[PDB]
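Just the one chain here, laid out as structure tokens, in the form deposited in one PDB entry.
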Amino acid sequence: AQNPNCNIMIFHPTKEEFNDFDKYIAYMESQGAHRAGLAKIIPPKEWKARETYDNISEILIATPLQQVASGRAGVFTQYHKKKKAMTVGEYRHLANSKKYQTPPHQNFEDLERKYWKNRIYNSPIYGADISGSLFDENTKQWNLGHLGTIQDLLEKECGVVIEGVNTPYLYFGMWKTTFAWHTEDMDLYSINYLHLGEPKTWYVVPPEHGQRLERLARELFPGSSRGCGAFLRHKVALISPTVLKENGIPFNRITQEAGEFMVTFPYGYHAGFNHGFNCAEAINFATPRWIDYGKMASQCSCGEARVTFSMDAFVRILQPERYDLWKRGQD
């Protein structure tokens, strides 16, 4: 078995190896990368996502989210308060303000210590989930707006033709902006490219150990657990590395820097935070190996997680028993 200790693997494809996305994913899995839940891909030195970022300030963040925390430093939830629209130029200036900027620090480890010590006492503003792409249309390799669609994968593997589309999303972050513990919708893959700015630290639980994270989460968030059988789908819960270590949960951590890709694998729980002003682009995708994870994915039926038009069809085809009760949550 390759990668038996489920370590995060880092890949350095050549420009020749960067031509065939699907084949490269299958390569990485042949080396055991999926066992970690997360992998890093450093693009060939010749590759670029676009020529410059000089003209992005006029993108609109229509609903910036203020991430308000409750709990204790190592075990907290966050609620997203909607703010007034602002441009990316306005958001960058805010991120750089004395109130919101990254503190002085020695290295990524000291900054990580400061994040876990101090996150709950601040409410950073996250520009999340903005439909769009920053890849130049002439970028042919690993262009997250040109990937094969999940609906076409389901058709190729299973023969069934379904409605829905699959498009990327932009994330504009600042110091302390946080992504809660989650797997992807329908336990899909994700791919995430850090276009610019400061790093993003990731934490991940190997897929084979995901249920250990879930059991700890039910103990740490007991009222949420009683309310919903898949409450991590709400994407509000945070648990620190120290707490995970105290409870014996297997995990790994890695920091992504600008110019690098991360891939999350089916049923790889992940969480993390941004070090400062940055912009990431991410999209879900599928492979043949995903299908069985999609059939088994948990779902929120309390109604809080409230998810996409395209997820309807996935549920309808892969989980026809759940269909009914799940669309009651989504209607």
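Shifts are known only where both forms have a C-alpha. Don't overthink the numbering: it's just position in the shown sequence, from 1. For clarity, a rigid core is taken as the largest C-alpha set superposing within 1.5 Å between two forms.
Only in words, not in the display: the form deposited with a partner chain bound, which the text now covers.
Task: the partner chain contact at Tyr79 in the deposited complex, heavy atom, 4.5 Å - done: Yes, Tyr79 is a contact residue.
TODO: Report yes if any heavy atom of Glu184 sits within 4.5 Å of a heavy atom of the partner chain in the deposited complex; otherwise report no.
DONE: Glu184: yes, in contact with the partner chain in the deposited complex.
Open item on the list: Is it the case that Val236, even though its partner is missing from this view, gets within 4.5 Å of the partner chain in the deposited complex, heavy atoms only?
Closed with: Yes, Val236 is a contact residue.
Open item on the list: If we define contact as a non-hydrogen atom of the residue within 4.5 angstroms of the partner, is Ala282 a contact of the partner chain in the deposited complex?
Closed with: Judged by the heavy-atom cut-off of 4.5 Å, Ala282 is in contact with the partner chain in the deposited complex.
- [ ] Select from the listed residues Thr102, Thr201, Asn122, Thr178 the one whose heavy atoms reach within 4.5 Å of the partner chain in the deposited complex.
- [x] The residue in contact is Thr178.
- [ ] Name the single residue among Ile162, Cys228, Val75, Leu94 that comes within 4.5 Å of the partner chain in the deposited complex, judging by heavy atoms.
- [x] Selected residue: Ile162.
TODO: Have a look at 109-117, 220-228, 122-130, 254-262 and name the one stretch with heavy atoms inside 4.5 Å of the partner chain in the deposited complex.
DONE: Checking each option against the 4.5 Å cut-off leaves 122-130.
Open item on the list: Can you tell me which of these residues, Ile162, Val75, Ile249, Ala230, is the one whose C-alpha shifts by at least 2 angstroms between the shown form and the other one after a rigid core fit?
Closed with: None of the others reach 2 Å, which leaves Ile162.
Open item on the list: Would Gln151 count as moving between the shown form and the other one, using a Cα shift of 2 angstroms or more after superposing the core as the test?
Closed with: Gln151: C-alpha displaced by 2 Å or more between the shown form and the other one.
Open item on the list: For a quick test of reading the superposition: does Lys295 move by 2 Å or more at the CA between the shown form and the other one, rigid core aligned?
Closed with: Comparing forms between the shown form and the other one, the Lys295 CA shifts below 2 Å.
Task: CA of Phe18, rigid core aligned, shift of 2 Å or more between the shown form and the other one - done: Not so; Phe18 is displaced by less than 2 Å.
Open item on the list: Please check whether, in the deposited complex, the CA atoms of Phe265 and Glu157 lie closer or farther apart than here, given a change of 3 Å or more.
Closed with: Farther, not closer.
Open item on the list: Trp181 and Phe314: their C-alpha distance differs by 3 angstroms or more in the deposited complex. Do they come closer or move farther apart compared with the shown form?
Closed with: It is farther: the C-alpha separation of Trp181 and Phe314 rises by at least 3 Å in the deposited complex.
Open item on the list: Which residue stretches between the shown form and the other one come out as moving, taking only runs of at least three where every Cα shifts by 2 Å or more after core superposition?
Closed with: Core-superposed, the runs shifting 2 Å or more come out as 149-165, 225-227, 306-331.
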